[PDB]
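The chain is numbered in sequence order, starting from 1. FYI, side chains are in, hydrogens and waters are out, and symmetry mates aren't considered; it's all heavy atoms of this structure.
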Amino acid sequence: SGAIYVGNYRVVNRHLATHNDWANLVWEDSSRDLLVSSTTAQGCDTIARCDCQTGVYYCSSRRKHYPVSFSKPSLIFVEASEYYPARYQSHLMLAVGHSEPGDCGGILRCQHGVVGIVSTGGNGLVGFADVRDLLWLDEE
Ligand SMILES: NC(=O)[C@H]1CCCN(C(=O)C2(c3ccoc3)CCC2)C1
Ligand SMILES: [Zn+2]
């Protein structure tokens, strides 16, 4: 579990969004596993605006932050799960690391701020849904 809190926005994994998130919806994209809902109070996370490919992520199943190298956001095939059929997930970045059911939502950060959140796992890999292209998160 986990979310990004920037301005009056809450960014979560679309497959983990609560009934309250859907009742206060701003934007969602199934192909990216992302959902953004509105908030009353202002958040303090800063979104990275960069092309960094090294950062640190939080892994809840190990209670540990890991430094990782990660690939550029791409269209990657993700196996069928209880949340989605087998499909290409877009804006996804992979790293060699630990990720198991329960780790989605963990923040990936670089020197510039928040890069994205854990969205995939298994096979000794971790996938992160990129949020650096969502420039609108910084305004309105
Ligand atoms: N974005 C998606 O389509 C994911 C939805 C949740 C499940 N997904 C995973 O990759 C798995 C996982 C491992 C660790 O966290 C999650 C489930 C076994 C691998 C796929
Ligand atoms: Zn960066």
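Grouped by direct or indirect side-chain proximity (heavy atoms under 4.5 Å, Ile/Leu/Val/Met/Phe/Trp/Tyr only), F128 sits with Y57, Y66, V68, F70, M93, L108, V115, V118, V126.
At least one side-chain heavy atom of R49 sits under 4.5 Å from a side-chain heavy atom of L137. With contacts defined as side-chain heavy-atom distances shorter than 4.5 Å, the pair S119/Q89 qualifies.
Shown here is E79, whose CD atom has no more than 12 heavy atoms of other residues, nucleotides or ligands within 6.0 Å. Within 6.0 Å of CZ on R109 lie no more than 12 heavy atoms contributed by other residues, nucleotides or ligands.
Using bins of under 30°, 30° to 60° and over 60° for the plane-to-plane angle, the ring pair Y58/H65 lands in the tilted bin. Below 30°, between 30° and 60°, or above 60°: for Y88 and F77 the angle between ring planes is above 60°, a perpendicular geometry.
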Exercise. Decide yes or no on side chain to side chain donor-acceptor pair (under 3.5 Å) for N8 and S38, but give the supporting numbers first.
Key: CA-CA 6 Å; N8 294 287; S38 53; over 6 Å; no
Self-check item: Stepwise side chain to side chain donor-acceptor pair (under 3.5 Å) test for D33 and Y84
Solution: CA-CA 9 Å; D33 184 39; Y84 300 102; 2.7 Å; yes
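Across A3 and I107, no two heavy atoms sit closer than the pair O-CD1, 4.0 Å.
Under a 4.0 Å N-O distance rule, the pair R14/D29 does not qualify as a salt bridge. By the 4.0 Å N-to-carboxylate-O rule, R132 lies too far from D51 to be salt-bridged with it.
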